[PDB]
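Chemist: Below: one structure in C-alpha cells.
Residue numbers (the entry's author numbering), protein chains in the order written: chain A, 31 to 301; chain C, 32 to 300.
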C-alpha cells in the first residue's frame, strides 16, 4: 500500500520520504520533518543550482572554525550532530536564498525607503566612553572640558573608544546617539545615562564629536544605505519570513493530503 | 518495507511508526518508537487486564473530576483530549507490569518488617488546624474548660473528625506522633508543624475519639503493609527502570535500524 502525504507541483512527499528524514533526525518531531522536507523541495526547485554540496560544506567548515572547541556544545544546544548539521544547513541556506531574493526584488519600495529615512542618520566619528559610577563620569568630563590639556588626556586615555557609528548601530545606545547627533565637531556632551534592556545595568556615557554629519533633504543620496537598513530589518522580521514561505507554498500549490497533519503550515498560512 | 525493532513473535515496521506519527505529530520519532515498543511488550502479558473499556472508563472518571479545568490540565501536560486516551493506555499497561513485579517479589518478610517498624493503624479523631499559635491556645483552653466547651469544639469542628493512619499525607508527622499517645476523649497540646515544601508553621489541636495499637502481630496488618511497600516501589525510579529493562530483555527487544541504535540506552545499562 502506497500513499502521498503532501502534494505539490512536479513532486510529492511519501511515507518513505518521511521515514528517511526520521532516521536522520530521530530527536525532531514528525511535523518538523515534514515542514523541513517541504521547504527543502520548494526552495531547491528555484535556488538548488545556487547552493551546491560544495557551497554547503564550505560555509559549514567556516562556521566550525569560528566556534572552534565550542562547536560540539553549540550543535547540542540545537539538538544536532556534526553529521546532521550539513543537510540542516543546506535547507537553511536554500530557505535563506529565497528570503534574500524576495527582500532584494520587492522590499526596497519608495514607501519603505521613506520609513527608514524618517529616523536615519549617516556615519559620525567620535569618542564614546562608558563609566559604571555617575561620579566617575562627572569628574572625567569636568577634567576634559577644563582646558585643551585635559582634552588631550581624555583623547589619549580613551583612544580605543574612538568609533564610527550611524542610526543602525547596536553598540552605541539610543540615548547616546540622540545626544551625539546634536554635538558640533570638538564639542563634549553631558553625562548621558543609558539603562540596558538586555542586562539591566545603568552606564554613564561621555561623547566627544570629531566628525559629525547630516542626512540633508535628498533621500536618494543615502539610497544604498537605506536599502541595507531595510535588508537587515526584513531578515529579522519573523512576519516577513513566514510571508516568504507562504508565497513559495501557494506558488507550488503545496497541499496536505493526510488530514492528521492538516494544520502543518498553519503558522505560515496566516501571513 | 523493512523491520525497525525486533522482539519475540512480533516486530515494529515503518507503517507501524507512521501510524503513531499521525496520532502524535508533536512527539519525536524516538518517543513514538519507545512508547510503541512498551505498548506491545506490556500488551503481550497484561493486555487482557487493561482493555480499551478499562482505559476509557478511568479516563472519563478523571475528566468528570477535573470538570472545566480538564482542558487546561491537558495543555499543562502537552496533550489533547484525543491523545489522552492512548497515553493513559500505555501508562496503565506499564503500571500493570510494575504492580505485578511488586506483588511477585517485593512483599518479602524483610520489607514487611521495615514498614512495620513505623506503622500505626487507623484512629478516628478531631484534627483542627490554626494559623496563629495564640488562636489555637484559646480554642484548646475553651474546649478543656468544661463539658460545654467540649461540645462547642465537637459541633464547630464537626467535619474535622477524620480517620488517618501512619501512611496519611494530610496529617503531618508531628501531629500523628502526638495523636497516637492520646486516650479516647483526651485533647492534645498545641502541636507545632513546619511544612518542608513551603516553610510555613501551622498549629494543630487533636481530640481522640477511637484510638488503636498495632499490637505484636504484624500479620494482622499484612494487607496494609503490602500497600505501604506498593506505594513506595511505584515511586522508586530505580525499581521502575529495572522493571522496563526486564520486559525489554524478556522479549529480546533489538533495534535493527542502526539510526536509532541507542533508543533504549536510558533503560538498559
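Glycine included, every Cβ here is placed at the ideal spot set by N, Cα and C.
Just the Cα atoms here: how many angstroms apart are residue 66 of chain C and residue 121 of chain C?
Modeler: For residue 66 of chain C and residue 121 of chain C, the distance between alpha carbons rounds to 7 Å.
Chemist: Taking only three categories from DSSP, how would you classify residue 150 of chain A?
Modeler: coil
Chemist: For a contact meaning CB atoms closer than 8 Å, what does residue 61 of chain C contact in chain A?
Modeler: 56, 57
Chemist: Judging by CA-CA distance, which residue of C:219, C:176, C:60 is the nearest neighbour of residue 209 of chain C?
Modeler: C:219
Chemist: I think residue 242 of chain C touches residue 192 of chain C, with their Cβ atoms under 8 Å apart; what is that distance to the nearest whole Å?
Modeler: About 14 Å separates the two Cβ atoms, so there is no contact after all.
Chemist: From residue 90 of chain C to residue 198 of chain C, what does the alpha carbon distance come to, in whole angstroms?
Modeler: 27 Å
Chemist: So residue 159 of chain C and residue 235 of chain C are in contact, right, with Cβ under 8 Å, and what is the actual spacing, rounded?
Modeler: 7 Å
Chemist: Find out if the Cβ-Cβ distance for the pair residue 173 of chain C, residue 180 of chain C is shorter than 8 Å.
Modeler: yes
Chemist: Mind listing, in chain order, the continuous alpha helix (DSSP H) runs of no fewer than 4 residues lying wholly within the region 161–194 of chain C?
Modeler: 164–176, 178–187
Chemist: Return the first residue and the last residue of the alpha helix (DSSP H) that residue 118 of chain C is part of.
Modeler: 112–136
Chemist: When DSSP builds the beta bridges, which residues end up paired with residue 232 of chain A?
Modeler: A:225
Chemist: Which bits of chain A does residue 53 of chain C rub up against, with CB to CB less than 7 Å?
Modeler: For a Cβ distance threshold of 7 Å, residue set 288, 290 of chain A lies close to residue 53 of chain C, ordered along the chain.
Chemist: Since residue 48 of chain A meets chain E, which of its residues come closer than 8 Å, beta carbon to beta carbon?
Modeler: Considering every chain present, this structure includes no chain E. Its protein chains are A and C.
Chemist: State the Cα-Cα distance for the pair residue 147 of chain A and residue 211 of chain A, rounded to the nearest angstrom.
Modeler: 15 Å
Chemist: Taking the alpha carbon of residue 51 of chain A as the reference point, which residue from C:294, C:290, C:296, C:299 has its own alpha carbon closest?
Modeler: Considering only alpha carbons, the answer is C:290.
Chemist: Return helix, strand or coil for residue 292 of chain A, following the three-state DSSP convention.
Modeler: helix
Chemist: Does the distance from the CB of residue 288 of chain C to the CB of residue 53 of chain A come in under 8 Å?
Modeler: Residue 53 of chain A sits close to residue 288 of chain C, with the two beta carbons spaced by under 8 Å.
Chemist: Starting from the Cα of residue 262 of chain C, find the closest Cα among C:133, C:166, C:225, C:92 and give me that residue.
Modeler: C:133
Chemist: In the DSSP assignment, find the unbroken beta strand (DSSP E) run with residue 41 of chain A in it and report its ends.
Modeler: 41–44
Chemist: With H, G and I counted as helix, E and B as strand and the rest as coil, what does DSSP make of residue 286 of chain C?
Modeler: It is a strand residue.
Chemist: Alpha carbon to alpha carbon, what distance is there between residue 44 of chain A and residue 276 of chain A?
Modeler: 21 Å
Chemist: Could you list which residues in chain A have their beta carbon closer than 7 Å to that of residue 45 of chain C, in chain order?
Modeler: 45, 49
Chemist: Does the region 136–150 of chain C touch the region 240–260 of chain C, meaning 3 or more C-beta pairs lie closer than 8 Å?
Modeler: yes
Chemist: What are the partner residues of residue 9 of chain C, as DSSP defines its beta bridges?
Modeler: Because chain C is modelled from 32 through 300, residue 9 of chain C falls outside the range shown and cannot be assessed.
Chemist: Answer with buried or exposed for residue 170 of chain A, where buried requires no fewer than 16 other C-beta atoms within 10 angstroms of its C-beta.
Modeler: It is buried - the Cβ of residue 170 of chain A has at least 16 other Cβ atoms within 10 Å.
Chemist: Only counting the same chain, and skipping five residues up and downstream in sequence, which positions put a Cβ closer than 8 Å to that of residue 151 of chain A?
Modeler: The residues are 196, 197, 207, 211, 243, 245.
Chemist: Within the same chain, show all residues whose beta-carbon is closer than 6 Å to that of residue 273 of chain A, passing over the 5 residues directly before and after it, in chain order.
Modeler: 301
Chemist: Write down the C-beta distance between residue 221 of chain C and residue 175 of chain C rounded to the nearest angstrom, noting that I regard them as a contact closer than 8 Å.
Modeler: Not really, about 12 Å apart at Cβ, beyond 8 Å.
Chemist: Among residues of its own chain, excluding the 5 on either side of residue 118 of chain C, which ones have a beta-carbon nearer than 8 Å to its beta-carbon?
Modeler: 110
Chemist: Using C-beta distances below 6 Å, list every residue in its chain close to residue 39 of chain A, excluding the 5 sequence neighbours before and after it, in chain order.
Modeler: 282, 283
Chemist: By how many angstroms is the C-alpha of residue 63 of chain C removed from the C-alpha of residue 108 of chain A?
Modeler: 21 Å
Chemist: Mind checking which residues open and close the alpha helix (DSSP H) that includes residue 76 of chain C?
Modeler: Unbroken alpha helix (DSSP H) run through residue 76 of chain C: 60–77.
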